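Structure, as structure tokens:
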Amino acid sequence: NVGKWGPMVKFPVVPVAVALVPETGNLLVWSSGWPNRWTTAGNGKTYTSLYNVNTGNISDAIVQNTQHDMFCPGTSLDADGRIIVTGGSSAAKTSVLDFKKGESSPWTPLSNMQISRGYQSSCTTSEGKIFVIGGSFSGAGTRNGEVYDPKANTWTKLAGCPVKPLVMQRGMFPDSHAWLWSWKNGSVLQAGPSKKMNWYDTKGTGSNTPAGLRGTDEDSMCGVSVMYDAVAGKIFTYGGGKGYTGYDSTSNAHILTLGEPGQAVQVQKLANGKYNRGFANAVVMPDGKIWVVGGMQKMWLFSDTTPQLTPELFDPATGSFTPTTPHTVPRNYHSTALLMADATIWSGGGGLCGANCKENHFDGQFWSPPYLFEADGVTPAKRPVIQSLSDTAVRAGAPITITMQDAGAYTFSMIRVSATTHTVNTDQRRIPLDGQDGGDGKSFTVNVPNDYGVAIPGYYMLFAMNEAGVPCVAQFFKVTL
Ligand SMILES: *[C@@H]1O[C@H](CO)[C@@H](O)[C@H](O)[C@H]1NC(C)=O
Ligand SMILES: *[C@@H]1O[C@H](CO)[C@@H](O)[C@H](O)[C@H]1NC(C)=O
Ligand SMILES: [Cu+]
């Protein structure tokens, strides 16, 4: 039992960026101002397409954003499940999609950023603000840190949050794709890709302080990281290279353990993965395993060379990797992967290099992990069902009563609804939840962690896993301020 690939789909745009839409769980994908190519200046618009998980069908490409070419942006989901995309080819702009108004309805404008930028990272802070830093694909000026207040609809520079301490030594865009992880009291850990990690404080006029080196790791551009147990403060990191392009990626794997902001982050070095990867994606699953898919060995853009076609499942409880079933198409630069509400995992994309470019990959597939199958690894297991939640918009600390269709012993986790492009996914985090049996083996009460630095505001998927480890299809709910 190594899981199983689902059937292949082929979008009418190259799915370079993708987002899970709250409530439905549909998968929204976008490229740029063209379906199949990009430019630095962009086309003043974006093509998007949407996979519907209720029907299994894909809709044809539309120009859904008519003011902003959202190639190479920052992405974050805010406290209400709005997808906020910054910069990129239209390097000054902020756009927003509110799913409630229609998954295919026009993206609408928000305030321009103070500093124009592209290939920055964006994250939603414990206050529900949006912090960006870096990003020199486009724009101008030192790409210092700024913060978006979505109540005020303003962007403010944070003099105390310079980019300098995160910049790597070599290669293109050394200030870009920071591994940003929101934490307690408005803090953000930049965990990489520079071997030097740094705390940022997004309150006030800003502050920053070293968080320590990432053990013995080297600079790791377009390595991956994921916060697989926010309650324990754990982040898994893998791979990357000394520069954006030009060098061999690594199979280095670490676990970071966060304590208090401004303190030193603990780093443990694991056994290496079997495959070295740059431009991979990492996805945390409801059981706390991490799936690492794609990437290449010697890093170049728009290239299918030295592809790693065999993904790996990492289990933090064993500190070990296991290979899963190979795919046939490379998933290198501009590839994406994302957890779906049915606990399968999207993988696809790659390329975006013009008409008749053989490195364009419009396609992808959904990977069903081992937990969806019986011990023979081929028969689909029966799945539990959440009938209801007591509440769907709860505060930090607040209880939620979860009513299962069938009586039994269940475990729970909530995974933050997320989006990804260019290896960057700041939105994804897992919180394991202790469930209190309510008497009947059917109603269970959990509490949201009491800290908004752990339970970052916004939408989550609540999964219940039965005694076999088989997860249900998630319910959505939000954590409010
Ligand atoms: C897609 O749409 C068709 C009708 O065009 C519908 O019959 C079908 O059930 C939907 N899903 C799949 C997976 O074909
Ligand atoms: C939050 O951070 C600020 C620094 O901006 C600090 O003044 C305060 O001590 C922190 N609050 C808590 C509850 O730790
Ligand atoms: Cu790119």
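Residue names in the structure tokens use chain letters A, B, ... in the order shown, residue numbers from 1 in each chain, and ligand numbers from 1 in the order shown.
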* Do you know which residues are within 9 Å of ligand 2 using only C-alpha atoms and all ligand atoms? Can you write them as a ChimeraX atom specification? -> /A:184-187,201-207,260-261
Take the residues just selected and output them with N, CA and C atoms as a compact mmCIF listing (two decimals), in the first residue's frame.
# COMPACT_ATOMS: atom_id res chain seq x y z
N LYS A 184 2.89 33.27 17.22
CA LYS A 184 2.20 33.92 18.35
C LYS A 184 2.39 35.43 18.32
N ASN A 185 1.35 36.14 18.73
CA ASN A 185 1.45 37.58 18.95
C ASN A 185 1.94 38.34 17.71
N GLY A 186 1.41 38.02 16.53
CA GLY A 186 1.75 38.77 15.31
C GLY A 186 3.16 38.54 14.73
N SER A 187 3.84 37.51 15.21
CA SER A 187 5.20 37.21 14.79
C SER A 187 5.12 36.37 13.51
N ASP A 201 8.30 40.77 13.59
CA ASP A 201 7.15 41.20 14.43
C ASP A 201 6.36 42.18 13.59
N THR A 202 5.12 41.79 13.26
CA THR A 202 4.35 42.59 12.31
C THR A 202 3.55 43.71 12.96
N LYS A 203 3.57 43.78 14.30
CA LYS A 203 2.91 44.87 15.04
C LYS A 203 3.72 46.15 15.08
N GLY A 204 3.01 47.26 15.19
CA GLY A 204 3.65 48.55 15.37
C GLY A 204 4.34 49.04 14.14
N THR A 205 5.59 49.45 14.29
CA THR A 205 6.43 49.78 13.14
C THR A 205 7.34 48.63 12.74
N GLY A 206 7.21 47.50 13.43
CA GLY A 206 7.93 46.27 13.05
C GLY A 206 9.13 46.01 13.93
N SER A 207 9.56 44.77 14.02
CA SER A 207 10.90 44.47 14.50
C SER A 207 11.37 43.15 13.89
N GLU A 260 9.01 30.60 21.69
CA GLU A 260 8.51 31.95 21.80
C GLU A 260 9.12 32.68 20.67
N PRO A 261 8.39 33.65 20.10
CA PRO A 261 8.96 34.54 19.11
C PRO A 261 10.14 35.31 19.63
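Using only C-alpha atoms, the contacts of range 102-108 of chain A at a cut-off of 9 Å, with sequence neighbours closer than 3 positions omitted, comprise residues 21, 26, 28, 48, 49, 50, 62, 63, 64, 65, 66, 67, 68, 94, 95, 96, 97, 98 and 99 of chain A.
Restricting the calculation to only C-alpha atoms, the smallest distance between residue 172 in chain A and any of A:228, A:291, A:300, A:236 is found for A:300.
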Shell of 8 Å around ligand 3 (only C-alpha atoms and all ligand atoms), written as a PDB file with C-alpha atoms, in the first residue's frame:
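The new file result.pdb reads:
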ATOM      1  CA  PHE A  71       1.477  35.529 -12.368  1.00  0.00           C
ATOM      2  CA  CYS A  72       4.304  35.351  -9.830  1.00  0.00           C
ATOM      3  CA  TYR A 119       7.791  36.305  -6.080  1.00  0.00           C
ATOM      4  CA  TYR A 333       9.414  24.682 -12.113  1.00  0.00           C
ATOM      5  CA  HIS A 334       5.856  26.069 -11.945  1.00  0.00           C
ATOM      6  CA  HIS A 422       6.257  28.613  -6.906  1.00  0.00           C
TER       7      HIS A 422
END
* Asked: Taking only C-alpha atoms and all ligand atoms into account, which residues are within 10 Å of ligand 1, as JSON, numbers by chain?
  -> {"A": [52, 53, 54, 55, 56, 57, 58, 59]}
* To do: Compile the contact shell of residue 479 in chain A as number ranges by chain: residues with an atom at most 7 Å away, counting only C-alpha atoms, same-chain residues fewer than 2 positions apart removed.
  => A: 393-396, 457-459, 477
Take the residues just selected and output them with C-alpha atoms as a compact mmCIF listing (two decimals), in the first residue's frame.
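Wrote it out as selection-v3.txt, contents follow:
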# COMPACT_ATOMS: atom_id res chain seq x y z
CA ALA A 393 -17.40 30.19 13.00
CA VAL A 394 -15.61 29.84 16.32
CA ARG A 395 -13.15 31.96 18.29
CA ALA A 396 -9.74 30.76 19.53
CA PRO A 457 -7.83 33.01 11.60
CA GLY A 458 -9.70 31.76 8.51
CA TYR A 459 -11.09 28.61 7.03
CA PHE A 477 -15.35 25.92 9.36
* From a DSSP calculation on the backbone, collect every residue of range 230-439 of chain A in strand (DSSP E or B) and output the set as a PyMOL selection string. => chain A and resi 234-238+241+248+253-257+266-269+278-284+290-296+298+307+312-315+320-323+335-339+345-349+363-368+373+380+386-389+393-394+399-404+411-416+419-421+424+429-433+436-437
